[PDB]
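[1] Experimental structure and sequence below.
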Protein chains: 2
Amino acid sequence: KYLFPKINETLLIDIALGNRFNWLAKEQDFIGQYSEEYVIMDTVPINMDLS
Amino acid sequence: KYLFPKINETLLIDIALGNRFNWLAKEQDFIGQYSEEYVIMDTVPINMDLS
């Protein structure tokens, strides 16, 4: 009854918190500051006539 | 009709009773008496400003 209380273990609980959208993340080169994007608009195929 | 009755078999029914939480059981060394645990509290990432 005269000893100092001693620790069995000390346990770092480290939970790996994850970003669910990480598989979308592209990686750039961090150069310039404006990203732009563009598409090509539809031109529907037309019938041909020989007249 | 004058013989003593004789045993065909005697059958020890031994059912293996299982602890369903046994896969959680860590094993320590039984040394000391206080287990403690700790986490690291959140510090949210902050924007940087050059001023």
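    Done, it's in. Residues are numbered from 1 along each chain as shown, chains lettered A, B, ... in the order given.

[2] how far does stretch A:44-51 stretch from start to finish?
    21 Å (C-alpha to C-alpha, to the nearest Å).

[3] which parts of chain A sit against chain B?
    With the criterion set to C-beta under 8 Å from any C-beta of the partner chain, chain A comes near chain B through A:5-15. In this view, the C-beta of every residue, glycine as well, is placed from N, C-alpha and C.

[4] okay, those residues in JSON lines with secondary structure, neighbour count and distance to residue A:50 next?
    Putting the residues of chain A next to chain B into JSON lines (DSSP: H, G, I helix; E, B strand; the rest coil; neighbours: other C-beta atoms under 10 Å in any protein chain shown; distance: C-beta to C-beta, whole Å) gives the following:
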{"residue": "A:5", "secondary structure": "coil", "neighbour count": "7", "distance to residue A:50": "101"}
{"residue": "A:6", "secondary structure": "coil", "neighbour count": "9", "distance to residue A:50": "100"}
{"residue": "A:7", "secondary structure": "strand", "neighbour count": "11", "distance to residue A:50": "94"}
{"residue": "A:8", "secondary structure": "strand", "neighbour count": "14", "distance to residue A:50": "94"}
{"residue": "A:9", "secondary structure": "strand", "neighbour count": "13", "distance to residue A:50": "89"}
{"residue": "A:10", "secondary structure": "strand", "neighbour count": "10", "distance to residue A:50": "89"}
{"residue": "A:11", "secondary structure": "strand", "neighbour count": "12", "distance to residue A:50": "84"}
{"residue": "A:12", "secondary structure": "strand", "neighbour count": "8", "distance to residue A:50": "81"}
{"residue": "A:13", "secondary structure": "coil", "neighbour count": "8", "distance to residue A:50": "79"}
{"residue": "A:14", "secondary structure": "coil", "neighbour count": "8", "distance to residue A:50": "76"}
{"residue": "A:15", "secondary structure": "coil", "neighbour count": "7", "distance to residue A:50": "73"}
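
[5] could you dump those residues to CSV with distance to residue B:33?
    Formatted as CSV, the residues of chain A next to chain B follow (distance: C-beta to C-beta, whole Å):
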residue, distance to residue B:33
A:5, 7
A:6, 7
A:7, 9
A:8, 6
A:9, 11
A:10, 13
A:11, 15
A:12, 20
A:13, 20
A:14, 25
A:15, 27
